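Reading through the structure tokens given below for one structure.
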Amino acid sequence: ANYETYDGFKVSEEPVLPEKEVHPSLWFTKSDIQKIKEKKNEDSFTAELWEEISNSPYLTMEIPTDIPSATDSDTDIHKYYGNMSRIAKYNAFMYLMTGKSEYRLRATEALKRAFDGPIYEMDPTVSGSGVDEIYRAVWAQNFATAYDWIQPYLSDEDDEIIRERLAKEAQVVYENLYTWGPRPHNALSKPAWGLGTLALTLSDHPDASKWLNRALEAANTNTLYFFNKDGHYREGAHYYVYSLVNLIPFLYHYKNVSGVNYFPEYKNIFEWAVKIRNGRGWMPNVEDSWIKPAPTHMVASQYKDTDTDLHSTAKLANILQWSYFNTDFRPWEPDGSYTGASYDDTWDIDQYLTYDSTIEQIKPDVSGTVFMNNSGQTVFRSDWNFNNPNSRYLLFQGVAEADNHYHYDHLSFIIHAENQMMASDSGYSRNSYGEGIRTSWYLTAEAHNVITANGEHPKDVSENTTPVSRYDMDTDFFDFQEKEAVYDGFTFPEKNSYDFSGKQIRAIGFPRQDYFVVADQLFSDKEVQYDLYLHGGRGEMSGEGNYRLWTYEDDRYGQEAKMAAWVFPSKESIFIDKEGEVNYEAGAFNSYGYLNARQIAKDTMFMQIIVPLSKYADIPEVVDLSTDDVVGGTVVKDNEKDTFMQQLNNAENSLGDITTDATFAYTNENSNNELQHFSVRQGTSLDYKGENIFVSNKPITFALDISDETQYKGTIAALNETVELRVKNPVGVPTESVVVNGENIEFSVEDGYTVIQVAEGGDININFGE
Ligand SMILES: O=C(O)[C@H]1O[C@@H](O[C@H]2[C@H](O)[C@H](O)[C@H](O[C@H]3[C@H](O)[C@H](O)[C@H](O[C@H]4[C@H](O)[C@H](O)[C@H](O[C@H]5[C@H](O)[C@H](O)[C@H](O)O[C@@H]5C(=O)O)O[C@@H]4C(=O)O)O[C@@H]3C(=O)O)O[C@@H]2C(=O)O)[C@@H](O)[C@@H](O)[C@@H]1O
Ligand SMILES: [Ca+2]
Ligand SMILES: [Ca+2]
Ligand SMILES: [Mg+2]
Ligand SMILES: [Mn+2]
């Protein structure tokens, strides 16, 4: 695996340390302490956070006089060092906050027994080790923080003892960082930031410059490979948050101690979370990942002067604050831990010290639809409303495979709508990474919403190269994008030769921002077996032929609802009911229906029509009109007739009322059976009921709303060269202006048609008189 070719990001590796150690200074200086004590009375959140911290059993539990030996169980060794680190930090904090004698004594004794017992005897490369690098990253930050807090109140003797313990662990971590995490995943990054905290806590110690330099070096191998510039993490939401437990603290530690502010550089990893969140503020169960909330509140304070694309006027800080608190947290009751470190973390404290009660929660006001083409994700999204059933969310997953915690999920999608999780990623596993069922099922292509050719999964052209995206179109009435993966390409484990050569070109469209169309073009050099899968998450599957209906109930993830799905073409394809596991969180796995549509062919097409519905909604009337060269049909939902059409060539053909040379075409009628909205992929004409709507001298991809006869408005996808578009005016009405990207462009009117040269794409308004 090549770890240096992915379009990630890295910061300065130059170690910056202050002239002289200051304690406290990691989170705050001496001056801040009475402000922090008072903080508990700002709002109901700071109140709850204080209620939790001040009643922590780590203040009242007996410091254990039972040091466990090397040959004890891996769990008990974990919890010993976890509890000790926790006893140190919780007590050290509560001494600052109350001044109670006991708390200083407990903190001091716990810090004096930091990394006592068998830790340095044992081997962390061993799998699941009680002292694995990932756990002693949290421990290191817990003890180092505890020290920074109690250091002033220590005898010259106790200071020198505790300094030598933290300074040992620091040297051990420095020496064995790359041995423990030989590949740059979260097992390298987490303990690296752990070292970073230690280096900054003991800034005077002679080795600190070397410690911090490696800490930043090792961290940068993670951000260069597993992170994208645009903020995507390739280990998925779960290991993103697991990474945050150690990163977020270090980010603050290095600012507060050395005046090195990395928050601008790490900005996009927090924006990302908000962009891929569903109706209830959950990050998706993609790659080795459960559903996860994004702790964006704990960094909001640093982005008060940061612009975002997510609001016209407001600053990122306000959106980051909005995102966290607009998250359903019921899937983590009554415990409340979503970090992945519930044996080690001090999340109540770290939230107390980071939360800023002065930041106004502001909902994004921009188009919900977002195209993050650099990583390869894309979200169709009707609105940003929290826990609204009228909301529609589709994640379109086309991300270059990484070498750790990977699932085969190219051109997969998931859907959130009617407040339920519908079309599904089958999720991480039953429970853990080392389970057979993860390799035999959960990570396999078939456990996802893909198309396999002879069982081979759609994959990257070349390693660390994001699947190409085309025809990005966002509007009020219809969004659209296509992604291209290949079958005979690059994946993990590495597989150099294939019996054939083929590719998938999956287009997704968002008709009436209400339901979805998934229109696949498939090309191959040989005849092969295309298998389309469609998992309906955790629903009772029913229905025969080309139609399936998943019915959901009030579960731990949403409300009573249903998803209806039709597959085209009906005749050339066969439909196979199958049963597979779907898991959104540890231990909560179950078997559910999933559809296997199958064709045997060389070059062919599929089309899925997928419709979220509320429990007792009428099932739309969906008619297949597919033939030899043309796949597509008609949907009659809420008294409007939508028509879809795909083909493999720019060849004049018909379906329903459409006639076009476009590889894809969409139409919306109103109650009165008049064309209102239409979109085309690389068309040069479209007739509806045999009435021409537009023509062009070259192939153009655009969507247009023609429901208002004073103004036609839509968008035109990116252009390679000047096109002469000609749109038909409403009968006997003159064109006044044409606006593309808020600038006028030159227009004539010939035979009832507005005529424009367009050399770049963007939002178009054709403005009409009377
Ligand atoms: O607090 C809670 O809510 C629950 O937390 C639970 O803790 C979980 C965490 O949430 C994470 O899932 C954490 O992630 C670990 C995971 O436990 C495993 O250790 C897994 O193991 C593999 C590594 O990821 C990595 O792939 C490694 O690769 C090797 C590979 O074999 C090969 O030889 C190659 O050449 O070398 C590499 C290498 O670099 O070493 O193999 C590891 C393996 O063991 O197979 O890694 C993840 C990770 O990425 O960090 O796991 C904990 C956990 O304890 O389970 C849990 O405590 C639960 O009880 C709580 O309720
Ligand atoms: Ca993947
Ligand atoms: Ca839109
Ligand atoms: Mg290890
Ligand atoms: Mn998966």
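Chain labels run A, B, ... following the order of the structure tokens; each chain numbers its residues from 1, and ligands are numbered from 1 in the order shown.
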Site check for ligand 3: residues at most 9 Å away, only C-alpha atoms and all ligand atoms, as a PDB file with C-alpha atoms, in the first residue's frame:
```
ATOM      1  CA  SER A 367     -29.025  24.153  -0.627  1.00  0.00           C
ATOM      2  CA  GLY A 368     -28.863  20.861   1.384  1.00  0.00           C
ATOM      3  CA  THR A 369     -27.243  19.140  -1.666  1.00  0.00           C
ATOM      4  CA  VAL A 370     -23.367  19.105  -1.412  1.00  0.00           C
ATOM      5  CA  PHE A 380     -28.741  14.858  -2.052  1.00  0.00           C
ATOM      6  CA  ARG A 381     -30.646  16.700   0.765  1.00  0.00           C
ATOM      7  CA  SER A 382     -34.091  18.458   0.606  1.00  0.00           C
ATOM      8  CA  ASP A 383     -33.531  20.640   3.744  1.00  0.00           C
ATOM      9  CA  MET A 473     -26.616  19.733 -11.054  1.00  0.00           C
ATOM     10  CA  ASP A 474     -28.355  21.326  -7.979  1.00  0.00           C
ATOM     11  CA  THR A 475     -31.855  22.988  -8.229  1.00  0.00           C
ATOM     12  CA  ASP A 476     -35.215  23.525  -6.376  1.00  0.00           C
ATOM     13  CA  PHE A 477     -36.863  20.669  -8.369  1.00  0.00           C
ATOM     14  CA  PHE A 478     -34.131  18.139  -9.496  1.00  0.00           C
ATOM     15  CA  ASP A 479     -30.504  17.403  -8.391  1.00  0.00           C
ATOM     16  CA  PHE A 480     -28.162  14.988 -10.304  1.00  0.00           C
ATOM     17  CA  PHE A 510     -33.504  13.664  -6.922  1.00  0.00           C
ATOM     18  CA  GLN A 513     -36.363  16.624  -3.961  1.00  0.00           C
TER      19      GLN A 513
END
```
Residues within 8 Å of range 403-414 of chain A, please, as a PDB file with N, CA and C atoms, in the first residue's frame. Count only C-alpha atoms; anything in the same chain fewer than 5 positions from it doesn't count.
```
ATOM      1  N   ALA A   1       0.864  -1.239   0.000  1.00  0.00           N
ATOM      2  CA  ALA A   1       0.000   0.000   0.000  1.00  0.00           C
ATOM      3  C   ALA A   1       0.878   1.259   0.000  1.00  0.00           C
ATOM      4  N   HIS A 185      -2.584   4.351  10.241  1.00  0.00           N
ATOM      5  CA  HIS A 185      -4.008   4.415  10.673  1.00  0.00           C
ATOM      6  C   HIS A 185      -4.082   5.050  12.066  1.00  0.00           C
ATOM      7  N   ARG A 234     -11.297   8.128   5.858  1.00  0.00           N
ATOM      8  CA  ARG A 234     -11.494   6.896   5.053  1.00  0.00           C
ATOM      9  C   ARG A 234     -11.675   5.688   5.981  1.00  0.00           C
ATOM     10  N   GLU A 235     -11.317   5.795   7.266  1.00  0.00           N
ATOM     11  CA  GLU A 235     -11.605   4.738   8.277  1.00  0.00           C
ATOM     12  C   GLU A 235     -13.067   4.849   8.749  1.00  0.00           C
ATOM     13  N   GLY A 236     -13.780   5.886   8.289  1.00  0.00           N
ATOM     14  CA  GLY A 236     -15.218   6.080   8.554  1.00  0.00           C
ATOM     15  C   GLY A 236     -15.477   6.814   9.860  1.00  0.00           C
ATOM     16  N   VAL A 286     -20.654   3.696   7.211  1.00  0.00           N
ATOM     17  CA  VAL A 286     -19.886   3.408   5.964  1.00  0.00           C
ATOM     18  C   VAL A 286     -18.435   3.081   6.342  1.00  0.00           C
ATOM     19  N   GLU A 287     -17.876   2.030   5.725  1.00  0.00           N
ATOM     20  CA  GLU A 287     -16.595   1.366   6.096  1.00  0.00           C
ATOM     21  C   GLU A 287     -16.792   0.729   7.480  1.00  0.00           C
ATOM     22  N   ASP A 288     -15.725   0.371   8.197  1.00  0.00           N
ATOM     23  CA  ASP A 288     -15.837  -0.216   9.564  1.00  0.00           C
ATOM     24  C   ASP A 288     -16.348   0.873  10.517  1.00  0.00           C
ATOM     25  N   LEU A 394     -29.887  11.324   0.763  1.00  0.00           N
ATOM     26  CA  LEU A 394     -29.144  10.207   0.129  1.00  0.00           C
ATOM     27  C   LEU A 394     -27.648  10.532   0.155  1.00  0.00           C
ATOM     28  N   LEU A 395     -26.840   9.668   0.769  1.00  0.00           N
ATOM     29  CA  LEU A 395     -25.362   9.694   0.637  1.00  0.00           C
ATOM     30  C   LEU A 395     -24.980   8.814  -0.553  1.00  0.00           C
ATOM     31  N   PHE A 396     -24.213   9.374  -1.491  1.00  0.00           N
ATOM     32  CA  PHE A 396     -23.718   8.730  -2.735  1.00  0.00           C
ATOM     33  C   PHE A 396     -22.208   8.510  -2.575  1.00  0.00           C
ATOM     34  N   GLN A 397     -21.834   7.265  -2.267  1.00  0.00           N
ATOM     35  CA  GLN A 397     -20.506   6.855  -1.729  1.00  0.00           C
ATOM     36  C   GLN A 397     -19.596   6.407  -2.880  1.00  0.00           C
ATOM     37  N   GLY A 398     -18.626   7.241  -3.267  1.00  0.00           N
ATOM     38  CA  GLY A 398     -17.641   6.936  -4.325  1.00  0.00           C
ATOM     39  C   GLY A 398     -16.240   7.372  -3.938  1.00  0.00           C
ATOM     40  N   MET A 422     -33.456   4.107   5.871  1.00  0.00           N
ATOM     41  CA  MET A 422     -34.009   3.214   4.827  1.00  0.00           C
ATOM     42  C   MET A 422     -32.845   2.535   4.082  1.00  0.00           C
ATOM     43  N   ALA A 423     -32.795   2.591   2.746  1.00  0.00           N
ATOM     44  CA  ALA A 423     -31.741   1.937   1.934  1.00  0.00           C
ATOM     45  C   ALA A 423     -30.406   2.023   2.686  1.00  0.00           C
ATOM     46  N   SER A 424     -29.703   0.898   2.856  1.00  0.00           N
ATOM     47  CA  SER A 424     -28.706   0.688   3.939  1.00  0.00           C
ATOM     48  C   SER A 424     -27.309   0.301   3.429  1.00  0.00           C
ATOM     49  N   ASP A 425     -26.294   0.764   4.152  1.00  0.00           N
ATOM     50  CA  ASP A 425     -24.978   0.098   4.286  1.00  0.00           C
ATOM     51  C   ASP A 425     -25.162  -0.920   5.410  1.00  0.00           C
ATOM     52  N   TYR A 442     -19.992  -8.610   6.069  1.00  0.00           N
ATOM     53  CA  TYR A 442     -20.185  -7.163   6.331  1.00  0.00           C
ATOM     54  C   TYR A 442     -19.350  -6.310   5.365  1.00  0.00           C
ATOM     55  N   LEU A 443     -18.083  -6.643   5.104  1.00  0.00           N
ATOM     56  CA  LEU A 443     -17.210  -5.776   4.258  1.00  0.00           C
ATOM     57  C   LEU A 443     -17.384  -6.093   2.766  1.00  0.00           C
ATOM     58  N   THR A 444     -17.999  -7.233   2.415  1.00  0.00           N
ATOM     59  CA  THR A 444     -18.120  -7.736   1.015  1.00  0.00           C
ATOM     60  C   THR A 444     -19.036  -6.813   0.213  1.00  0.00           C
ATOM     61  N   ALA A 445     -18.860  -6.782  -1.106  1.00  0.00           N
ATOM     62  CA  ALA A 445     -19.659  -5.946  -2.030  1.00  0.00           C
ATOM     63  C   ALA A 445     -21.149  -6.249  -1.862  1.00  0.00           C
ATOM     64  N   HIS A 448     -23.871  -4.472   0.250  1.00  0.00           N
ATOM     65  CA  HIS A 448     -24.023  -3.029  -0.085  1.00  0.00           C
ATOM     66  C   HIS A 448     -24.929  -2.844  -1.307  1.00  0.00           C
ATOM     67  N   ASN A 449     -25.282  -1.595  -1.614  1.00  0.00           N
ATOM     68  CA  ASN A 449     -26.197  -1.226  -2.724  1.00  0.00           C
ATOM     69  C   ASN A 449     -25.374  -0.945  -3.980  1.00  0.00           C
ATOM     70  N   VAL A 450     -24.729  -1.973  -4.531  1.00  0.00           N
ATOM     71  CA  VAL A 450     -23.787  -1.846  -5.682  1.00  0.00           C
ATOM     72  C   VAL A 450     -24.286  -2.723  -6.831  1.00  0.00           C
ATOM     73  N   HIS A 457     -16.355  -6.439  -7.552  1.00  0.00           N
ATOM     74  CA  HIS A 457     -16.933  -5.169  -7.033  1.00  0.00           C
ATOM     75  C   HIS A 457     -16.399  -3.992  -7.836  1.00  0.00           C
ATOM     76  N   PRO A 458     -17.219  -2.935  -8.038  1.00  0.00           N
ATOM     77  CA  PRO A 458     -16.753  -1.728  -8.705  1.00  0.00           C
ATOM     78  C   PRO A 458     -15.679  -1.159  -7.780  1.00  0.00           C
ATOM     79  N   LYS A 459     -14.605  -0.647  -8.383  1.00  0.00           N
ATOM     80  CA  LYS A 459     -13.348  -0.285  -7.681  1.00  0.00           C
ATOM     81  C   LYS A 459     -12.654   0.865  -8.417  1.00  0.00           C
ATOM     82  N   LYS A 483     -21.245   8.999 -11.285  1.00  0.00           N
ATOM     83  CA  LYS A 483     -19.896   8.538 -10.862  1.00  0.00           C
ATOM     84  C   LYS A 483     -19.513   7.301 -11.683  1.00  0.00           C
ATOM     85  N   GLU A 484     -18.217   7.146 -11.960  1.00  0.00           N
ATOM     86  CA  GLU A 484     -17.641   6.066 -12.804  1.00  0.00           C
ATOM     87  C   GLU A 484     -16.610   5.304 -11.972  1.00  0.00           C
ATOM     88  N   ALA A 485     -16.841   4.004 -11.781  1.00  0.00           N
ATOM     89  CA  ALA A 485     -15.851   3.026 -11.279  1.00  0.00           C
ATOM     90  C   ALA A 485     -15.665   1.933 -12.334  1.00  0.00           C
ATOM     91  N   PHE A 492      -8.146  -3.885  -2.395  1.00  0.00           N
ATOM     92  CA  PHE A 492      -7.430  -4.546  -1.271  1.00  0.00           C
ATOM     93  C   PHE A 492      -8.245  -5.752  -0.810  1.00  0.00           C
ATOM     94  N   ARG A 506     -22.983   5.003 -12.719  1.00  0.00           N
ATOM     95  CA  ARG A 506     -24.200   5.196 -11.888  1.00  0.00           C
ATOM     96  C   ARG A 506     -24.548   6.685 -11.808  1.00  0.00           C
TER      97      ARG A 506
END
```
Taking the DSSP secondary structure from the backbone, can you list the residues of range 272-404 of chain A that are alpha helix (DSSP H), as a CSV table (one decimal) with N, CA and C atoms, in the first residue's frame?
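Saved the output as states.csv:
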```
chain,number,residue,atom,x,y,z
A,272,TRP,N,-16.9,18.6,7.3
A,272,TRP,CA,-17.3,17.3,6.7
A,272,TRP,C,-18.4,16.7,7.4
A,273,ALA,N,-18.3,16.4,8.7
A,273,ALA,CA,-19.3,15.9,9.6
A,273,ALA,C,-20.6,16.5,9.3
A,274,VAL,N,-20.7,17.8,9.3
A,274,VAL,CA,-22.0,18.6,9.1
A,274,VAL,C,-22.6,18.3,7.8
A,275,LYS,N,-21.7,18.1,6.8
A,275,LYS,CA,-22.1,17.9,5.4
A,275,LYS,C,-22.7,16.5,5.1
A,276,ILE,N,-22.3,15.5,5.8
A,276,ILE,CA,-22.7,14.1,5.6
A,276,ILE,C,-23.8,13.7,6.6
A,316,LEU,N,-18.8,29.6,10.8
A,316,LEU,CA,-18.8,28.1,10.9
A,316,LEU,C,-19.2,27.8,12.4
A,317,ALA,N,-18.6,28.5,13.3
A,317,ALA,CA,-18.8,28.2,14.8
A,317,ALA,C,-20.2,28.0,15.1
A,318,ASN,N,-21.1,28.8,14.5
A,318,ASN,CA,-22.6,28.8,14.7
A,318,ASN,C,-23.2,27.5,14.1
A,319,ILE,N,-22.7,27.1,13.0
A,319,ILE,CA,-23.2,25.8,12.3
A,319,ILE,C,-22.7,24.6,13.1
A,320,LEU,N,-21.4,24.6,13.5
A,320,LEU,CA,-20.8,23.5,14.2
A,320,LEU,C,-21.6,23.3,15.6
A,321,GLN,N,-22.0,24.4,16.2
A,321,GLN,CA,-22.7,24.4,17.5
A,321,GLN,C,-24.1,23.9,17.2
A,322,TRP,N,-24.8,24.3,16.1
A,322,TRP,CA,-26.1,23.9,15.6
A,322,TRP,C,-26.1,22.4,15.4
A,323,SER,N,-25.1,21.9,14.7
A,323,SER,CA,-25.0,20.4,14.3
A,323,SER,C,-25.1,19.5,15.5
A,324,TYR,N,-24.2,19.7,16.5
A,324,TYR,CA,-24.1,18.8,17.6
A,324,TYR,C,-25.4,18.7,18.4
A,325,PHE,N,-26.0,19.8,18.7
A,325,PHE,CA,-27.2,19.9,19.6
A,325,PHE,C,-28.4,19.5,18.8
A,347,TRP,N,-14.7,12.6,29.0
A,347,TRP,CA,-15.5,13.4,28.0
A,347,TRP,C,-16.3,14.5,28.6
A,348,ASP,N,-16.8,14.3,29.9
A,348,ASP,CA,-17.6,15.3,30.6
A,348,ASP,C,-16.7,16.5,30.9
A,349,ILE,N,-15.5,16.2,31.4
A,349,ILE,CA,-14.5,17.3,31.7
A,349,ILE,C,-14.1,18.0,30.4
A,350,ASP,N,-13.7,17.3,29.3
A,350,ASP,CA,-13.1,17.9,28.1
A,350,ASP,C,-14.3,18.7,27.4
A,351,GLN,N,-15.5,18.3,27.6
A,351,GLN,CA,-16.7,19.1,27.0
A,351,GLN,C,-16.9,20.3,27.8
A,352,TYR,N,-16.8,20.3,29.2
A,352,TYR,CA,-16.9,21.4,30.1
A,352,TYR,C,-15.9,22.5,29.8
```
Practice task
Do a neighbour search on range 564-574 of chain A at 8 Å with only C-alpha atoms, toss out local chain neighbours closer than 3 positions, and write the hits as JSON, numbers by chain.
Solution key: {"A": [545, 546, 547, 548, 549, 550, 597, 598, 599, 605, 606, 607, 608, 609, 610, 611, 612, 613, 619, 622, 624, 626, 627, 631, 632, 633]}
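Taking only C-alpha atoms, the non-local environment of range 177-180 of chain A within 9 Å (same-chain residues fewer than 5 positions away omitted) comprises residues 124, 125, 132, 133, 172, 187, 188, 191, 192, 214, 215 and 218 of chain A.
When only C-alpha atoms and all ligand atoms are used to measure the gap to ligand 5, the shortest distance among A:430, A:210, A:113, A:470 belongs to A:430.
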Exercise for the section: Might you pull out every residue within 9 Å of residue 630 in chain A, with only C-alpha atoms counted and same-chain residues fewer than 4 positions away left off, and present them as a ChimeraX atom specification? Expected result: /A:605,625-626,645-648,653-655
Practice task
Would you kindly return, as an MDAnalysis selection string, each protein, DNA or RNA residue with an atom no farther than 6 Å from any atom of range 657-667 of chain A, considering only C-alpha atoms and excluding same-chain residues fewer than 4 positions away?
Solution key: chainID A and resid 642:648 650:653 677:683 685:689
Export of prior selection with N, CA, C and O atoms as a PDB file, in the first residue's frame:
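Heads up, here's the output in selection_33.pdb:
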```pdb
ATOM      1  N   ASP A 642     -44.157  11.838 -13.457  1.00  0.00           N
ATOM      2  CA  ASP A 642     -42.708  11.878 -13.780  1.00  0.00           C
ATOM      3  C   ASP A 642     -42.396  10.754 -14.769  1.00  0.00           C
ATOM      4  O   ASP A 642     -42.978   9.669 -14.624  1.00  0.00           O
ATOM      5  N   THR A 643     -41.507  11.023 -15.726  1.00  0.00           N
ATOM      6  CA  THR A 643     -41.020  10.058 -16.747  1.00  0.00           C
ATOM      7  C   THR A 643     -39.489  10.005 -16.677  1.00  0.00           C
ATOM      8  O   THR A 643     -38.864  11.078 -16.622  1.00  0.00           O
ATOM      9  N   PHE A 644     -38.908   8.805 -16.665  1.00  0.00           N
ATOM     10  CA  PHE A 644     -37.438   8.594 -16.684  1.00  0.00           C
ATOM     11  C   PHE A 644     -37.064   7.796 -17.931  1.00  0.00           C
ATOM     12  O   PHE A 644     -37.876   6.988 -18.414  1.00  0.00           O
ATOM     13  N   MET A 645     -35.863   8.039 -18.443  1.00  0.00           N
ATOM     14  CA  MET A 645     -35.347   7.368 -19.656  1.00  0.00           C
ATOM     15  C   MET A 645     -33.817   7.347 -19.599  1.00  0.00           C
ATOM     16  O   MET A 645     -33.227   8.412 -19.365  1.00  0.00           O
ATOM     17  N   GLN A 646     -33.218   6.169 -19.789  1.00  0.00           N
ATOM     18  CA  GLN A 646     -31.755   5.985 -19.961  1.00  0.00           C
ATOM     19  C   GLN A 646     -31.525   5.254 -21.286  1.00  0.00           C
ATOM     20  O   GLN A 646     -32.442   4.550 -21.728  1.00  0.00           O
ATOM     21  N   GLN A 647     -30.361   5.463 -21.905  1.00  0.00           N
ATOM     22  CA  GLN A 647     -29.827   4.638 -23.021  1.00  0.00           C
ATOM     23  C   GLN A 647     -28.302   4.724 -22.977  1.00  0.00           C
ATOM     24  O   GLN A 647     -27.783   5.486 -22.140  1.00  0.00           O
ATOM     25  N   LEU A 648     -27.615   3.971 -23.834  1.00  0.00           N
ATOM     26  CA  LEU A 648     -26.135   3.840 -23.807  1.00  0.00           C
ATOM     27  C   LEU A 648     -25.477   4.732 -24.872  1.00  0.00           C
ATOM     28  O   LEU A 648     -24.235   4.864 -24.823  1.00  0.00           O
ATOM     29  N   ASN A 650     -25.934   8.343 -27.813  1.00  0.00           N
ATOM     30  CA  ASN A 650     -26.604   9.571 -28.318  1.00  0.00           C
ATOM     31  C   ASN A 650     -27.329   9.213 -29.619  1.00  0.00           C
ATOM     32  O   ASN A 650     -26.806   9.533 -30.703  1.00  0.00           O
ATOM     33  N   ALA A 651     -28.486   8.561 -29.494  1.00  0.00           N
ATOM     34  CA  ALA A 651     -29.306   8.053 -30.616  1.00  0.00           C
ATOM     35  C   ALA A 651     -30.773   8.386 -30.343  1.00  0.00           C
ATOM     36  O   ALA A 651     -31.287   7.958 -29.299  1.00  0.00           O
ATOM     37  N   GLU A 652     -31.413   9.140 -31.239  1.00  0.00           N
ATOM     38  CA  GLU A 652     -32.818   9.592 -31.060  1.00  0.00           C
ATOM     39  C   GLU A 652     -33.674   8.366 -30.746  1.00  0.00           C
ATOM     40  O   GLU A 652     -33.624   7.399 -31.519  1.00  0.00           O
ATOM     41  N   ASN A 653     -34.402   8.409 -29.636  1.00  0.00           N
ATOM     42  CA  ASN A 653     -35.275   7.302 -29.176  1.00  0.00           C
ATOM     43  C   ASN A 653     -36.416   7.891 -28.351  1.00  0.00           C
ATOM     44  O   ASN A 653     -36.339   9.076 -28.000  1.00  0.00           O
ATOM     45  N   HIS A 677     -41.133  20.639 -15.253  1.00  0.00           N
ATOM     46  CA  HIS A 677     -39.668  20.476 -15.040  1.00  0.00           C
ATOM     47  C   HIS A 677     -39.138  19.392 -15.986  1.00  0.00           C
ATOM     48  O   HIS A 677     -39.883  18.431 -16.247  1.00  0.00           O
ATOM     49  N   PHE A 678     -37.901  19.533 -16.467  1.00  0.00           N
ATOM     50  CA  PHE A 678     -37.190  18.488 -17.247  1.00  0.00           C
ATOM     51  C   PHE A 678     -35.683  18.626 -17.027  1.00  0.00           C
ATOM     52  O   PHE A 678     -35.227  19.749 -16.765  1.00  0.00           O
ATOM     53  N   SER A 679     -34.943  17.520 -17.130  1.00  0.00           N
ATOM     54  CA  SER A 679     -33.457  17.498 -17.145  1.00  0.00           C
ATOM     55  C   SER A 679     -32.985  16.498 -18.201  1.00  0.00           C
ATOM     56  O   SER A 679     -33.733  15.547 -18.472  1.00  0.00           O
ATOM     57  N   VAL A 680     -31.800  16.709 -18.777  1.00  0.00           N
ATOM     58  CA  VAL A 680     -31.196  15.776 -19.774  1.00  0.00           C
ATOM     59  C   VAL A 680     -29.689  15.679 -19.529  1.00  0.00           C
ATOM     60  O   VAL A 680     -29.088  16.698 -19.155  1.00  0.00           O
ATOM     61  N   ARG A 681     -29.124  14.487 -19.737  1.00  0.00           N
ATOM     62  CA  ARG A 681     -27.660  14.223 -19.778  1.00  0.00           C
ATOM     63  C   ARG A 681     -27.233  14.195 -21.248  1.00  0.00           C
ATOM     64  O   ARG A 681     -27.783  13.369 -21.992  1.00  0.00           O
ATOM     65  N   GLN A 682     -26.325  15.090 -21.651  1.00  0.00           N
ATOM     66  CA  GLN A 682     -25.691  15.107 -23.000  1.00  0.00           C
ATOM     67  C   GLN A 682     -26.742  14.880 -24.098  1.00  0.00           C
ATOM     68  O   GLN A 682     -26.546  13.968 -24.926  1.00  0.00           O
ATOM     69  N   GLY A 683     -27.813  15.685 -24.095  1.00  0.00           N
ATOM     70  CA  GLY A 683     -28.838  15.733 -25.157  1.00  0.00           C
ATOM     71  C   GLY A 683     -28.568  16.872 -26.125  1.00  0.00           C
ATOM     72  O   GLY A 683     -27.790  17.783 -25.758  1.00  0.00           O
ATOM     73  N   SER A 685     -31.612  17.475 -28.166  1.00  0.00           N
ATOM     74  CA  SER A 685     -33.053  17.765 -28.351  1.00  0.00           C
ATOM     75  C   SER A 685     -33.876  16.987 -27.326  1.00  0.00           C
ATOM     76  O   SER A 685     -33.390  15.962 -26.820  1.00  0.00           O
ATOM     77  N   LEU A 686     -35.077  17.485 -27.045  1.00  0.00           N
ATOM     78  CA  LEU A 686     -36.102  16.801 -26.222  1.00  0.00           C
ATOM     79  C   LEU A 686     -37.482  17.261 -26.691  1.00  0.00           C
ATOM     80  O   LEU A 686     -37.741  18.465 -26.631  1.00  0.00           O
ATOM     81  N   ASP A 687     -38.324  16.332 -27.136  1.00  0.00           N
ATOM     82  CA  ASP A 687     -39.758  16.580 -27.432  1.00  0.00           C
ATOM     83  C   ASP A 687     -40.577  15.954 -26.297  1.00  0.00           C
ATOM     84  O   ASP A 687     -40.186  14.874 -25.814  1.00  0.00           O
ATOM     85  N   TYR A 688     -41.651  16.620 -25.871  1.00  0.00           N
ATOM     86  CA  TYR A 688     -42.646  16.081 -24.905  1.00  0.00           C
ATOM     87  C   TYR A 688     -44.037  16.130 -25.550  1.00  0.00           C
ATOM     88  O   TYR A 688     -44.465  17.218 -25.992  1.00  0.00           O
ATOM     89  N   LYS A 689     -44.710  14.976 -25.602  1.00  0.00           N
ATOM     90  CA  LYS A 689     -45.929  14.740 -26.422  1.00  0.00           C
ATOM     91  C   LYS A 689     -45.668  15.271 -27.838  1.00  0.00           C
ATOM     92  O   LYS A 689     -46.559  15.937 -28.391  1.00  0.00           O
TER      93      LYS A 689
END
```
Handout entry: Long-range neighbours of range 224-233 of chain A as a list in words, 8 Å cut-off, only C-alpha atoms, 5 positions minimum in chain
Key = residues 3, 4, 5, 6, 7, 8, 9, 10, 184, 185, 240, 266, 267, 268, 269, 270, 271, 272, 372, 374, 375 and 402 of chain A
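Remark: for ligand 5, the closest of the candidate residues A:501, A:429, A:741, A:301 is A:429 (distances computed over only C-alpha atoms and all ligand atoms).
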